[PDB]
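A short worksheet on the structure shown next.
Throughout, read-outs are computed from the coordinates displayed, never taken from laboratory work. All Cβ positions, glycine included, derive from the backbone under ideal geometry; neighbour counts span all protein chains shown.
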Amino acid sequence: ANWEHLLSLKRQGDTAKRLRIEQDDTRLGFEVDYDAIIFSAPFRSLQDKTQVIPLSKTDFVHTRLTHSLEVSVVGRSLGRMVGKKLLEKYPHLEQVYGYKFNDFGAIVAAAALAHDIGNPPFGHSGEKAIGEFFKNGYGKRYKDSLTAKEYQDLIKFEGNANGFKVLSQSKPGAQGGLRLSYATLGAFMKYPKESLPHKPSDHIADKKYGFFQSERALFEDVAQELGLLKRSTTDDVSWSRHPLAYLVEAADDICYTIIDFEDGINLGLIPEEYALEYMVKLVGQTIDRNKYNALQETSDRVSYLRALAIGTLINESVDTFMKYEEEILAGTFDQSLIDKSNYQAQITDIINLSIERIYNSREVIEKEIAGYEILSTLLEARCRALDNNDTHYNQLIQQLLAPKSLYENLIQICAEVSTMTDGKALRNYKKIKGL
Amino acid sequence: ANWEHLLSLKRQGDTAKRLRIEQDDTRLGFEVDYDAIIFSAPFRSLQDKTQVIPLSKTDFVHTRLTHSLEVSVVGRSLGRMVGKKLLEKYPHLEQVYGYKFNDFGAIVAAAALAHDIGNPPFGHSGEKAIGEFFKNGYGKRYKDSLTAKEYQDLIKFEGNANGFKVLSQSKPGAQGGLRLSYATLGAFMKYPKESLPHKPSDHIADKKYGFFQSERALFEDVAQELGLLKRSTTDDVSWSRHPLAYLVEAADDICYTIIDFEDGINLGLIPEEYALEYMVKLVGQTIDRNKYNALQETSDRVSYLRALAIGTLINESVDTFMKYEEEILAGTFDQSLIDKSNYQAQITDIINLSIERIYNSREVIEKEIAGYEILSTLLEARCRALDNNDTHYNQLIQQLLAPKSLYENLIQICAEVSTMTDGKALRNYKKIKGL
Amino acid sequence: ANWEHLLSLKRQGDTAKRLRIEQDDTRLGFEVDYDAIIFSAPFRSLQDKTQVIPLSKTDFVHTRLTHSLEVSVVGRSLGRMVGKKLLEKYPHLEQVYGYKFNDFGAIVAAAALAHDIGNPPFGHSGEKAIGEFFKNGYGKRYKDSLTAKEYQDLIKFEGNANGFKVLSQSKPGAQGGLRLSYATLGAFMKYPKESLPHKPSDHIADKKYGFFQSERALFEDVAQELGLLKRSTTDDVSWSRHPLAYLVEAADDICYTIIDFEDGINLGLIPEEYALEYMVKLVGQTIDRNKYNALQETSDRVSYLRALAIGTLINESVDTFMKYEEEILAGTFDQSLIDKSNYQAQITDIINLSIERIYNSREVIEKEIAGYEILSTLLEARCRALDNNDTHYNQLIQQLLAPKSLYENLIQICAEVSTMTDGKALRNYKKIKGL
């Protein structure tokens, strides 16, 4: 591929090319993208969306908005640092085409900021509850009216794909959604494939899929404009990742690992006695141990460790990207940047500690179990209303929850149930069940 | 038809005639009816029964008892003014028979006071939830054990017909229920027909039905004594309305229109800026503009407009009655009194604004949806216990909720679930669901 | 039967005999049993387990722990008093084998202390909900995969048998459970039979059953060591009760009769006047009338009557036991000790009043109805997770509720659901239901 094409400023529906050298640097398309997301209704709704991790009465624990905000700050740093090195490697990108190192920071930051925008509540358990509804619940009745891939979109409903829908969905008065730059949509697409075939290889980009059938035509346009390399020549389409999607992924990987740990310690789910032991290798060269011992509050000690460890992993991930830059550009890199880390054993240890103390904790399990009932109830009410829209009750349901082809109706129901705020979903659920 | 027979003082089971001229003026049968309703357990229970309209923590919103009381006051005025004009047009009713203008006010007031006594909770949505239970829910299993009209009583369960049952149902030690005058029972019956045929015409009197199969024999006796005109000779019975039922209907129509509007403004669902605009034509000939401007509080200004509009519509309704009095006596008036109003456009505008801002409001929809679940759960508990009364659990349900033919059992279950107070229904529902 | 064998100090797994004369007086096996129950997790859990009797905002009402404690105190007196008379009638028990009167008090106290340890919540209605689950609910699907007696253990699930399971269940690191002395396990077994045949006679010992199929081999060991007399002629096994089981029963009967009455008066469910009227014959010979009239508080007057009445019935039960000692030893006593009471008319009056004012009270019926839903919901969740342990949801359920053969799994599910504390059961129920 070519970096000039990968850094496309095209917005959906454009009729003429947007050259970087002609951009107003105070209205740079990539930076406009970031601000568009910040002010968007879907991003703002993350304020009222918790993570599956429990709340604390005494200490800070991230909601989904502040988690996404911090991921985007890590992403900006990754993009800035790699962008500087790319412009040194390929100086024509700056001298001829006018690209600057902050462009790469803005692309990665915007795609990272919006990564969780489409995820249902209750973490991956919420995805599994939606999928189960269509695999074995009421929604199984729709199988024979859908293509294999349309049905797969439902039984393996994917928040990454719903995020792509949220960013690009046309509505009356708003064609093309947020109309983000194609470079940003490219960096967003960690899994550039459809729902089938399912996990066709052990390649990182094949672990999930990244767009629904409803968004296939758009990503085809995005992939064409960017020049992404093909990974399939059948009607089951798939492409090699945009190089910057590796940085978006690394930002998420760094933040899932270290910031979950930080939250677990502040909640007390992870004993503070383990804080230094698990972070020593990651921070040992830079930690000022005398300073660490002088900090009097648990949360200040763990924030210092988190800052040091994120710094270490950012610097390393930049160097790993540049080492494998040609292979990434050629589509032959089959792993994540963090997979190559010299700290991979320590990262796995932290992740396993978080699985054991946070995600397997009673408070998380209880919430996932409750979430199954909440999501299954909302989906069933919407789907019965779709199937019998004439009855008095189902008209009330439509008025309460949602005031096209079968597939497009079903994927919209999933999309809308997934993006309801915590409070709205809970209130509507309680009314349907009379509580 | 003859007004001498329409004004019957007969009570259920009477052995001898009751002549108006022989009545004690301090114990007039029609006034005794008003007081019997006031002190009755069903009317007292309206204290603990809310309308579908939401509660407010700052302003007055009507419960069902206050609504019924104000309807009865408007009704008394309609009856008084019409009674005076009817006694001028038929002076023998006063000379030979001894009827006085207050008699007509008493009949209309008592019938109007009792109009909502049999309605289930949650408004018309509550009626629909009970019907759905027998149409498509657990109660569907009874269809093949019931006649067409018995089943129709259930799938189209009607609060008007339940009100007639509540007023007249014999119980051990209370033969004939409240034993109201037959004239009052006639004025109560807005839909003098059985559940089938369903809407045989577009006449307002055919829109619903007014008695269940369980009360058909009772209303036949009332219809015979009053000399109501038979409107159909098939096994399907129906009669032309008692003339005073047009005034009972008018009392409800005027209050439903204007007082919902008043509550909507005080709730903030309807902006105050709409209050004068929608009521100027109805009040302009009688309003004291100096008084209106001096009033500094919204609820006082709205209450003033409400009083003037109601007075306007009462006066117009009386004139409309008297214009079509002979048509009403002949059974050939196919319309409501308010349908002939010169302010029909303004009334329709007020009704539509109330639908848009009150009845389609989120708080009303939520409550109606919850009411479906509450009523369906209580009905299913009672019917499962009816079908299998020998189990330990169903014996507990019987002790908790209810400490004859299949049809008579099912209609009683509906009547009882419909008349439980809000708090008792909710408490029993929560216990059944373990909440 | 021989008292030397009936007073066995054997613990499960023992390879050598335990001679009473060799026991350390500060570590007597029978007294060790009492202390082992007190400190056991199942007994401690009765702290957080209420009776079906409603709680009071003004007066004392017993939780299950305090009820079991007071039953054990009454049992200790019964055992001590009968022990002294037994050692007079069989002096070789002391002189040759070294038994002392307090040994009999310790046996009866320990067995009585543990009588309610296995009962499910919600009283006998809780037992009926569990049985109904397997007779007609989801659990009916297991009938054809179980023997007749295995299925009867479920459809007639019995708290007495679950108590035996709780006391003796082997787990890794705790073989034989609490490892109680066999004399104590004999005194505990009021119904020495398996689930089938059901009520083979009207003998009190045949009213219920005392051990599940999972514990049949253990009680067979216990019966052999104690030398209990075989009572059943068929392949369904059954033994005559250990004589001390009659005293454990009498402690329960006396406390349930008088202390329930006491609680009902202090709750206000039973009018205060009924206290002296129903207890005057039980207390007349021993009551200090000036002490009683000087007492100014209801709870103190009633507590005085309770102490006097329990005193009377303890003394009488001891005399009844000794009067029929030889018939009990030979297995020919067909009644309970209290059945032979001279105060049986007063006991029956008190029980019937408690049934009418307490157990048939609205507050109890409400709680039993809710308990059906709670227990049925928990049983269905555990059984569906047993049937499909592979699904993501069922693996969450397994982590939340339970972090071998089909029968062994089902009886363990019943045992665990029955032994959950009130708050733990309610919390898990609410999460499964989304609240």
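For label points placed 7 Å from Cα toward Cβ, what is the shortest-first list of nm distances from B:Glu22 to its copies?
Copy-to-copy label distances for B:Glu22: 10.5, 10.6 nm.
Partner chain Cβ atoms within 10 Å, averaged over the residues of A:393-400 - can you pull that number for me?
Counting Cβ atoms of other protein chains within 10 Å of each residue's Cβ and averaging gives 4.
Residues with beta-carbon under 13 Å from that of A:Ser56, excluding A:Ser56: net charge, scoring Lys, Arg +1 and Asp, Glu -1?
In short, -3.
Kindly provide the helix-only [θ] at 222 nm of the protein assembly as shown, computed as the sum of -39,500 (n - 2.57) over DSSP H runs of four or more divided by all residues, to the nearest 500 deg cm²/dmol?
Dividing the helical sum by the residues of the protein assembly as shown leaves -18000 deg cm²/dmol.
Filter the GluC sites (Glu not before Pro) in region B:272-331 to those in DSSP coil with at most 16 other Cβ atoms within 10 Å of their Cβ, and list the result.
B:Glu272, B:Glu297
Which pairs break 27 Å Cα to Cα here: B:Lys431/C:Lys171; B:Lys10/B:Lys85; B:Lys89/B:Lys281; A:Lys156/C:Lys143; C:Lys57/C:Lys156; B:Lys57/B:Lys165?
B:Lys431/C:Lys171; B:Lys89/B:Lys281; A:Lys156/C:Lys143; C:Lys57/C:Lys156; B:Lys57/B:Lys165
Could you order the peptides B:195-201, C:100-106, A:104-110 from most to least packed, using the average number of other C-beta atoms within 10 Å per residue?
Descending mean neighbour count gives A:104-110, C:100-106, B:195-201.
Can you give the charge dipole size of region A:209-359 about its Cα centre, rounded to the nearest 20 debye, using +1 on the beta carbon of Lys and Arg and -1 on the beta carbon of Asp and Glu?
Approximately 340 debye in magnitude.
Between B:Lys430 and A:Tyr90, what FRET efficiency follows from the Cβ-Cβ distance if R0 is 45 Å, with the result rounded to 0.05?
Efficiency for this residue pair is about 0.05.
Count, for each residue of A:123-136, the Cβ atoms from other chains sitting within 10 Å of its Cβ, then give me the mean as a whole number.
The mean count of partner-chain Cβ atoms within 10 Å per residue comes to 1.
How many nm separate the modelled label positions at C:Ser232 and B:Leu406, each set 7 Å beyond the Cα in the direction of the Cβ?
Calculated label separation equals 4.3 nm.
By per-residue mean of other Cβ atoms within 10 Å, what is the highest-first order of B:178-186, A:182-190, A:59-67?
The peptides rank, most packed first, as A:182-190, B:178-186, A:59-67.
Which of the peptides C:145-158, C:367-380 is most tightly packed, and how do the rest follow, going by the mean number of other Cβ atoms within 10 Å of each residue?
Those peptides, ordered most packed to least, come out C:367-380, C:145-158.
May I ask for the distance between the Cα centers of region A:19-55 and region A:124-163, given as a whole number of Å?
Region A:19-55 and region A:124-163 have Cα centres separated by 28 Å.
Let me know the mean shielding of A:370-382 by other chains, meaning the per-residue number of their Cβ atoms within 10 Å of its Cβ.
2
Alpha carbon centre of region B:317-360 versus region C:403-426: separation in Å?
Answer, in whole Å: 65.
Might you report the magnitude of the Cβ-based charge dipole of chain C about its Cα centre, with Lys and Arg at +1 and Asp and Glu at -1, to the nearest 20 debye?
That gives chain C a dipole magnitude of about 940 debye.
If r is the Cβ-Cβ distance from A:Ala307 to B:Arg384 and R0 is 45 Å, what FRET efficiency results, to the nearest 0.05?
0.15
Put +1 on the Cβ of every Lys and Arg and -1 on every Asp and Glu Cβ in the protein assembly as shown; which of C:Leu379, A:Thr66, A:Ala307 then has its Cα farthest towards the positive end of the dipole?
C:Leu379
Which distance in nm do the two modelled labels at C:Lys340 and B:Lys323 give, with both placed 7 Å along the Cα-to-Cβ direction?
Here the modelled spin labels are 9.7 nm apart.
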